[PDB]
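See structure below.
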Amino acid sequence: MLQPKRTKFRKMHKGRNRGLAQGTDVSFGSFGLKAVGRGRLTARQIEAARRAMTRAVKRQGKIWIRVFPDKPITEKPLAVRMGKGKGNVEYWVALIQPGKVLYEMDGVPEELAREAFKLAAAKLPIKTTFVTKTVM
Amino acid sequence: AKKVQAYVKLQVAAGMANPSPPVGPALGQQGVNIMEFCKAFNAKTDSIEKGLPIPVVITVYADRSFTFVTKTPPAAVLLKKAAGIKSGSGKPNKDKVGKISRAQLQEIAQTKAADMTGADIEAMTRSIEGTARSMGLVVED
Amino acid sequence: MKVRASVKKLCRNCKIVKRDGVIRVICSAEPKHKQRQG
Amino acid sequence: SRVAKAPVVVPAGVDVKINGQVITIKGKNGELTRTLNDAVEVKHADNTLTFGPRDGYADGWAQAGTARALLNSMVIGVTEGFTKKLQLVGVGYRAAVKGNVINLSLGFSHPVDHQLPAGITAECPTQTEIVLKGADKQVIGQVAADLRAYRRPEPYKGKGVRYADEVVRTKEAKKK
Amino acid sequence: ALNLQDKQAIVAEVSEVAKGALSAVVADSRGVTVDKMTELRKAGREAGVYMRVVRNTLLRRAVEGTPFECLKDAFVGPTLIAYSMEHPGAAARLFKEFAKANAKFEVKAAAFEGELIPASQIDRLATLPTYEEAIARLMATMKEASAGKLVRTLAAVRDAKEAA
Amino acid sequence: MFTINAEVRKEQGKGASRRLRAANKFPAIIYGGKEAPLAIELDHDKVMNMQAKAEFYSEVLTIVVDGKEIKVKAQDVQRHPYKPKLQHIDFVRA
RNA sequence: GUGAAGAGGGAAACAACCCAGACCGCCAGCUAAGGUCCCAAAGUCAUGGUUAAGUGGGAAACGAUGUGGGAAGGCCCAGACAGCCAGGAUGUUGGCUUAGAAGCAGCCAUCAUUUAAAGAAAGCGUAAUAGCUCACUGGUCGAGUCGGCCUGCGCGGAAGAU
RNA sequence: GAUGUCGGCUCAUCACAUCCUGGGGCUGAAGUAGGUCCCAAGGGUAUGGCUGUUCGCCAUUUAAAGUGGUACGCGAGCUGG
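Chains as they are written, first to last, in the deposited numbering: chain BO, 1 to 136; chain BK, 1 to 141; chain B7, 1 to 38; chain BH, 1 to 176; chain BJ, 1 to 164; chain BX, 1 to 94.
Written out as structure tokens, the structure is:
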């Protein structure tokens with residue numbers, strides 16, 4: 001998984017949100033990997049993507065991460081009753097929002113980072129796109 | 001594919017140019033015959049020394065007939081001799097067995113001016129430097 | 001061949017060509033990595 | 001197609017004629033030879049025909065390099081033909097010509113009567129090696145193609161009729 | 001014009017460095033063999049002779065945007081060009097050291113400071129006197145057209161004996 | 001040191017702004033300096049594939065609208081929530 | 001909202017969908033959602049764009065030299081890019097190891113050199129020493145080609161009880 | 001207002017993602033034998049035991065010992081342990 005050092009939360013809701021979280025632009029680098037659709041990432045995937053991109057590049061600048069898990073999510077046992085109660089905590093989720101930018105670089109040479117992120121997109125559950133900033 | 005290249009390189013001691021094992025396979029593949037190569041090799045003045053590998057490079061045409069250019073001694077033999085050594089360092093750049101002076105390398109380079117193509121007397125020194133370094137000689141005057 | 005999809009490049013004369021709707025890597029001296037689909 | 005837009009490499013002493021998408025090569029030497037290329041745009045010029053882009057069964061120039069290639073193919077066909085030195089590796093398999101018919105097998109002591117169409121003939125110096133004669137670049141390989149289609153060569157060590165592109169490519173086992 | 005260091009850098013430098021040369025020898029490439037030219041810049045720098053291997057694609061425009069040595073027969077097809085600004089006899093003597101490894105008869109024609117020279121007549125140089133007498137034997141039009149062409153016919157016995 | 005063009009536009013409303021995005025055009029604005037917020041339209045594709053150059057932002061801008069050019073430098077970007085096309089750019093006069 | 005407490009129209013249909021709110025009668029007409037080759041009422045629609053796969057008209061990741069369009073871009077008739085042919089070089093059959101181990105058996109030097117040329121080598125290879133393709137050079141070669149990106153379409157992923 | 005169950009037998013049948021021969025690619029396959037592997041539903045596709053048992057354990061057959069489904073197939077079929 002991915003996880004923080006301390007917490008204030010422990011048994012949060014499934015987390016459906018009305019729409020967006022406003023991060024659609026490139027702002028941490030000059031290029032990135034764009035979400036271009038909504039979903040879940042289970043903390044395990046974030047680690048895998050950052051892990052994946054560093055194995056391709058061998059760190060030739062700095063890596064920017066724009067995804068973090070926040071809500072714990074419960075599951076119940078596959079055998080008995082679901083709906084009645086709320087089971088143990090199973091996994092921690094980052095909710096990815098549409099058009100939201102996932103991973104960025106600038107210090108790394110752009111054509112190598114682009115290849116690093118294409119490879120890292122195969123670890124993702126749905127389609128993504130390379131985005132270039134072209135602006136301040 | 002072409003199965004026979006031009007200007008095939010060989011470097012062999014005068015006493016090992018007729019038996020096959022020192023030579024490996026390569027002469028046999030390039031259509032050339034080991035006794036004939038031994039006569040053609042015999043012909044130059046400095047290609048008489050036994051145990052000292054003298055470079056000779058032969059060009060073979062399309063019918064397996066070959067014609068032959070005979071050449072002055074290599075840098076590898078003169079650097080080994082000039083540094084007082086008889087044996088390299090193994091792995092160089094970590095292990096070193098001697099040193100060779102810059103003036104010795106330009107006199108060596110003159111003995112090589114028929115097997116070397118470099119422009120200045122310096123160019124010729126520059127190519128043969130890395131020969132010395134492989135055998136564990138520090139290049140400094 | 002292997003049953004795998006997504007064709008890869010492994011040598012200089014990977015021409016990669018679609019025969020009756022399955023993409024094969026080409027080999028001419030090395031079919032040790034030839035594929036069927038992609 | 002860069003190659004749809006070539007000099008076509010046919011002389012004027014071969015007066016090649018247009019017939020819609022059917023193209024017929026005519027002139028001096030050989031036999032009367034043809035080619036079928038669909039979904040193309042054709043200008044006639046006189047005998048160095050010019051091929052350009054179309055969409056019908058082509059994607060845009062898909063056949064236009066083809067037609068250009070195939071017209072010169074037919075032209076080389078009438079002036080001299082193509083390669084013909086055909087060969088086999090292994091023993092028992094035969095490639096041995098006896099008249100009209102070329103005798104070969106899967107390994108066995110009886111042949112499978114592979115026979116030539118008219119306007120091509122063959123003969124053999126030795127029972128492995130074949131010299132094929134005629135006046136089209138299509139046909140000498142077309143009889144070559146059905147000849148390998150009864151015993152194929154074998155990936156590591158060749159065991160069958162080897163022409164142009166062939167099944168024996170060989171491969172390593174050790175290094176490291 | 002310019003887009004490269006290896007091809008386009010060499011259209012404005014092939015026939016201007018040899019309109020610039022006292023002798024040049026314009027020979028057939030992929031028939032002199034490329035190897036042999038590399039194992040002969042061994043002896044070639046110990047004479048002051050420069051040799052480039054150069055395509056008919058750089059020669060086909062050396063005539064426009066740029067000047068040429070008034071020859072075009074040896075510009076067509078694959079082309080080697082050997083040339084000197086020092087001791088003119090050496091460009092052609094270098095062209096005889098070729099038969100040991102492949103063949104020396106590979107000259108098509110020659111240029112000399114601008115005048116077209118046929119391949120029967122340029123071996124007078126490849127004898128190699130002193131530079132001065134090599135200059136005496138052949139020039140461009142400044143002298144060879146003037147007084148040399150009568151020597152050429154009265155001395156059809158040998159090429160070395162023909163002079164300018 | 002890039003060269004773009006624009007056409008004159010003024011909108012406040014939902015129906016108008018959507019009718020640009022429906023058809024692959026979007027708005028931007030050049031504020032401060034000698035003049036007021038000037039609202040303009042731009043094209044989706046003139047900044048995406050007509051250009052993949054860092055100079056739009058690192059260097060000055062020639063922007064042509066009604067034969068005017070004033071020199072401009074870029075400010076923060078707003079991006080589309082479902083594609084990598086440009087939803088809106090802000091600019092300051094330079 | 002609709003069904004529940006609504007007919008008809010369209011949807012392989014139902015008790016809830018998309019359109020609408022059945023007074024009835026009318027061999028009248030229009031419009032809606034929906035349709036327009038035949039089943040079946042009207043477009044095998046005119047104009048441009050693209051796929052050769054029954055994809056269309058079942059769906060993802062995804063990958064690649066499958067393919068096109070488009071503006072910006074390296075090369076761009078002064079001649080390309082890939083490829084096929086040819087050279088594939090000089091010190092270097094360097095040092096160690098070894099029959100040979102010579103970029104390519106293993107390990108270290110992984111460089112230098114004449115340069116209009118060749119990486120102390122990208123890929124292969126009789127299983128290894130050999131041999132080989134390969135850019136760049138020079139043949140073939142006289143017009144497009146490929147990387148980025150936006151974008152149409154293809155591909156395999158996409159195998160089940162009548 | 002429920003179609004009547006297990007295990008075994010009767011009786012089968014349909015989906016092919018084929019147990020097998022058959023055509024064909026690869027192999028870190030020398031040849032051979034194998035592994036790998038696409039194409040393909042046509043046909044053939046075994047039997048006793050102890051136990052109310054599937055599975056179990058044991059012996060055997062054939063070149064061979066399959067995949068998957070059927071109101072946990074079929075009680076307006078059989079037994080009824």
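Just so it is clear, CB atoms sit at the ideal spot from N, CA and C, and this is done for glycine as well.
{"Check": "To the nearest whole angstrom, what separates the beta carbons of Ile117 (chain BJ) and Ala111 (chain BJ), a pair I think is in contact under 8 Å?", "Outcome": "7 Å"}
{"Check": "Note the first and the last residue of the continuous beta strand (DSSP E) segment covering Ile100 (chain BK).", "Outcome": "98-100"}
{"Check": "Please state the DSSP three-state secondary structure of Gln78 (chain BX).", "Outcome": "strand"}
{"Check": "Cβ closer than 8 Å: which chain BX residues qualify as neighbours of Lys133 (chain BO)?", "Outcome": "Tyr57, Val77"}
{"Check": "What number of angstroms, rounded off, separates the C-alpha of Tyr156 (chain BH) from the C-alpha of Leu106 (chain BH)?", "Outcome": "18 Å"}
{"Check": "Counting only Cβ pairs nearer than 8 Å, list the residues of chain BJ close to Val69 (chain BK).", "Outcome": "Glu39, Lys100, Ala101"}
{"Check": "To the nearest angstrom, report how far apart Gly32 (chain BO) and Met82 (chain BO) are at their CA atoms.", "Outcome": "40 Å"}
{"Check": "Using alpha carbons as the reference points, say which of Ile54 (chain BK), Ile58 (chain BK), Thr70 (chain BK) lies closest to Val77 (chain BK).", "Outcome": "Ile54 (chain BK)"}
{"Check": "Is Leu137 (chain BK) a contact residue of the ligand PLP, with contact defined as CB to any heavy atom under 7 Å?", "Outcome": "Absent from the structure shown: the ligand PLP. Ligands present: none."}
{"Check": "Where does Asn88 (chain BO) fall in DSSP's three states?", "Outcome": "strand"}
{"Check": "Just to confirm, are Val93 (chain BO) and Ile73 (chain BO) a CB contact at a threshold of 8 Å?", "Outcome": "yes"}
{"Check": "Ignore the nearest five residues each way along the sequence and tell me which others in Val32 (chain BJ)'s own chain have a CB closer than 6 Å to its CB.", "Outcome": "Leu80, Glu106"}
{"Check": "Would you tell me roughly how many angstroms separate the C-alpha atoms of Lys96 (chain BK) and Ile85 (chain BK), rounded to the nearest one?", "Outcome": "11 Å"}
{"Check": "Using 10 angstroms around the beta-carbon of residue 198 (chain BO), count the other beta-carbons present and answer buried if the total reaches 16, otherwise exposed.", "Outcome": "No answer is possible for residue 198 (chain BO): it lies beyond the span of chain BO, which begins at 1 and ends at 136."}
{"Check": "Under 7 Å between beta-carbons, which chain BO residues line up against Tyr82 (chain BX)? List them in chain order, please.", "Outcome": "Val36, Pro98, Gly99"}
{"Check": "Does any C-beta atom of chain BO lie closer than 8 Å to the C-beta of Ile89 (chain BX)?", "Outcome": "yes"}
{"Check": "What three-state label does DSSP hand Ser58 (chain BX) in the structure shown?", "Outcome": "helix"}
{"Check": "So which residues on chain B7 does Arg169 (chain BH) lean against when the C-beta distance must stay under 8 Å?", "Outcome": "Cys27, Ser28, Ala29, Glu30, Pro31"}
{"Check": "Beta carbons nearer than 9 Å to chain BO: which residues of the stretch 33-57 of chain BX have them?", "Outcome": "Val47, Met48, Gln51, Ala52, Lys53, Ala54, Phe56, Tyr57"}
{"Check": "Go ahead and pull the three-state DSSP assignment for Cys38 (chain BK).", "Outcome": "helix"}
{"Check": "With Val25 (chain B7) as the anchor, note down where its alpha helix (DSSP H) starts and where it stops.", "Outcome": "Unbroken run through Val25 (chain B7): none, as it is neither H nor E."}
{"Check": "Does the distance from the C-beta atom of residue 181 (chain BH) to that of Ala4 (chain BH) stay below 8 Å?", "Outcome": "Since the first and last residues shown for chain BH are 1 and 176, residue 181 (chain BH) lies out of range."}
{"Check": "Candidates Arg50 (chain BO), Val80 (chain BO), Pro125 (chain BO), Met136 (chain BO): which alpha carbon is nearest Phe117 (chain BO)'s?", "Outcome": "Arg50 (chain BO)"}
{"Check": "Within the chosen definition, does the stretch 67-76 of chain BK reach the stretch 35-44 of chain BK through at least 3 CB pairs nearer than 8 Å?", "Outcome": "yes"}
{"Check": "Fully enclosed by the stretch 125-162 of chain BH, which alpha helix (DSSP H) runs are 4 residues long or longer?", "Outcome": "137-147"}
{"Check": "Which same chain residues end up closer than 8 Å to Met1 (chain BO) when comparing Cβ atoms and leaving out the 5 residues on each side of it in sequence?", "Outcome": "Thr42, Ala43, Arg44, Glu47, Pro69, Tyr91, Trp92"}
{"Check": "Count the other CB atoms, across all protein chains shown, that sit within 10 Å of the CB of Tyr57 (chain BH); report buried if there are 16 or more and exposed otherwise.", "Outcome": "exposed"}
{"Check": "Just how far apart, CA to CA, sit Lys73 (chain BX) and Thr24 (chain BO)?", "Outcome": "22 Å"}
{"Check": "Looking at chain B7, is there any beta carbon in it that lies within less than 8 Å of the beta carbon of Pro153 (chain BH)?", "Outcome": "no"}
{"Check": "If we define contact as Cβ-Cβ less than 8 Å, is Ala74 (chain BX) a contact residue for chain BO?", "Outcome": "yes"}
{"Check": "Rounded to the nearest angstrom, what separates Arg66 (chain BO) and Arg6 (chain BO) at their Cα positions?", "Outcome": "19 Å"}
{"Check": "Locate the alpha helix (DSSP H) running through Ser23 (chain BJ), then write down its first and last residues.", "Outcome": "Not the alpha helix (DSSP H): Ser23 (chain BJ) falls in the beta strand (DSSP E), residues 23-28."}
{"Check": "Does chain BJ have any CB closer than 8 Å to the CB of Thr59 (chain BK)?", "Outcome": "yes"}
{"Check": "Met136 (chain BO) touches chain BX at which residues, Cβ-Cβ below 8 Å?", "Outcome": "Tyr57, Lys73, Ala74, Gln75, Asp76, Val77"}
{"Check": "For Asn47 (chain BH), is the classification buried or exposed, using 16 other Cβ atoms within 10 angstroms of its Cβ as the cut-off for buried?", "Outcome": "buried"}
{"Check": "At what residues does the beta strand (DSSP E) containing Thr72 (chain BK) begin and finish?", "Outcome": "Unbroken run through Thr72 (chain BK): none, as it is neither H nor E."}
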